[PDB]
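All residue numbers for the sequence shown refer to PDB author numbering, where the first residue is 78 and numbers rise by one. Just so it is clear, CB atoms sit at the ideal spot from N, CA and C, and this is done for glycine as well.
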Amino acid sequence: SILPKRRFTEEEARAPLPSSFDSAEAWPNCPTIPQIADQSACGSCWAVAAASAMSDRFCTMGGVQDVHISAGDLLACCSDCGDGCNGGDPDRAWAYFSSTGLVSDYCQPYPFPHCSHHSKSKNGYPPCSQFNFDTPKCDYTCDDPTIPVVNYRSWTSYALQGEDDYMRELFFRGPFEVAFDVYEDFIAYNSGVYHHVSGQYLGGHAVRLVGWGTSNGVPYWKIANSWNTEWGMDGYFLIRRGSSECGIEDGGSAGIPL
Ligand SMILES: *[C@@H](C(=O)N[C@H](C(=O)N1CCC[C@H]1C(=O)O)[C@@H](C)CC)[C@H](O)C(=O)NCCC
Ligand SMILES: [Mg+2]
């Protein structure tokens, strides 16, 4: 990783982590945590999962209860993180938050509308397959220019790897970004603990880790996807935990809001 690897203190290391955990239950006064994102018809998962977690950490660590960090700013402005709507790099996203900073979604609201991701929408959202969205130009003022820019930064960023690092980081500091290999069987997930069994490789996908538990003897992670609440289990999926299912334990990205 381009990031330094997380080191836990002796006290953090010996915490006896519970058999289940849910970020929204751990920090009930942090309203961003249960909010599910919609990346729209743009391959910006890397920036949306990052911004969502950054928002959550503003509340779990940074003393700010309800600031939504702008995924739009990240995806348009961190040209070196990757290629905007054509995908990008979670670790570089967190580094940018530390080196450069991000405005809120009040300053720069997400530029792309709700759409239905691999299903028919009860809300009446058009299918994402109908939209042709390029990366927007980076803007350095608010969309409404009478709103003053407030640039938010982290003071440090770091990488996590493996089941214990993930559980322990989540327990102490709250949601963070992870990535995994998407196969076609993931797309129609609705319930259960996901495990890859069929379907072709479709690409890498970055998502926000929020909890863990065990369901009928099967350990899992609880993950917030970015495909709105109509996908999966109210916008979430559970996925197997412990043997890096689809690579999901191979690398997490995090940091600490100032
Ligand atoms: C991650 C990403 O955005 N992935 C895509 C995605 O979720 N999309 C594309 C169109 C809307 C939405 C959808 O499928 O409903 C897609 C390739 C998943 C099948 C992005 O590609 C990226 O940055 N990946 C690298 C992460 C390390
Ligand atoms: Mg001690």
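Pick from the options: whose alpha carbon is nearest that of residue i?
i           : options               : result
residue 175 : 283, 81 and 260       : 81
residue 306 : 157, 102, 114 and 89  : 114
residue 264 : 249, 86, 254 and 280  : 280
residue 134 : 204, 230 and 295      : 230
residue 244 : 271, 227 and 98       : 98
residue 319 : 94, 158 and 298       : 298
residue 150 : 321, 132, 126 and 185 : 185
residue 147 : 103, 137, 240 and 171 : 171
residue 257 : 107, 238 and 201      : 238
residue 225 : 294, 153, 181 and 289 : 181
residue 164 : 177, 122 and 173      : 122
residue 196 : 287, 266, 95 and 335  : 266
residue 187 : 110, 124, 202 and 312 : 124
residue 302 : 283, 153 and 296      : 283
residue 314 : 202, 259, 105 and 103 : 259
residue 333 : 110, 153, 95 and 132  : 132
residue 252 : 173, 84, 289 and 198  : 289
residue 112 : 287, 317, 190 and 323 : 287
residue 321 : 85, 204, 108 and 242  : 242
residue 169 : 127, 104, 145 and 86  : 127
residue 179 : 106, 153 and 200      : 153
residue 85  : 300, 249 and 109      : 249
residue 96  : 327, 311, 312 and 296 : 296
residue 335 : 137, 214 and 201      : 137
residue 183 : 191, 199, 222 and 200 : 222
Given a threshold of 16 other Cβ atoms within 10 Å of its Cβ, counted over all protein chains shown, does residue i qualify as buried or as exposed?
i           : result
residue 304 : buried
residue 218 : exposed
residue 285 : buried
residue 167 : buried
residue 268 : exposed
residue 329 : buried
residue 278 : exposed
residue 272 : exposed
residue 227 : exposed
residue 274 : exposed
residue 79  : exposed
residue 387 : What is shown of the chain runs 78 to 335, which leaves residue 387 out entirely.
residue 156 : exposed
residue 309 : buried
residue 254 : buried
residue 232 : exposed
residue 246 : buried
residue 193 : buried
residue 129 : buried
residue 348 : For the chain, the structure presents residues 78 to 335; residue 348 sits outside this window and is missing.
residue 294 : exposed
residue 324 : exposed
residue 312 : buried
residue 159 : buried
residue 102 : exposed
residue 109 : buried
residue 261 : exposed
* Is it a yes or a no for the segment 112-125 touching the segment 200-212, going by three-plus beta-carbon pairs under 8 angstroms? -> yes
* If you measure from each residue's Cβ to the nearest non-hydrogen atom of ligand 2, which ones come out under 7 angstroms, in chain order? -> 87, 88 and 91
* Taking only runs of the alpha helix (DSSP H) that begin and end inside the segment 142-178, which ones reach a length of at least 4 residues, in chain order? -> 148-154 and 167-176
* Asked: Is the segment 85-95 touching the segment 131-151 in the sense that three or more CB pairs, one from each, lie closer than 8 angstroms?
  -> Because the criterion of three Cβ pairs below 8 angstroms is not met, the segment 131-151 and the segment 85-95 do not touch.
* **Those runs of the beta strand (DSSP E) which lie wholly inside the segment 238-264 and span at least 3 residues** => 253-260
* Asked: Can you list, in chain order, the stretches of the beta strand (DSSP E) that have 3 or more residues and sit fully within the segment 262-305?
  -> 278-292 and 295-301
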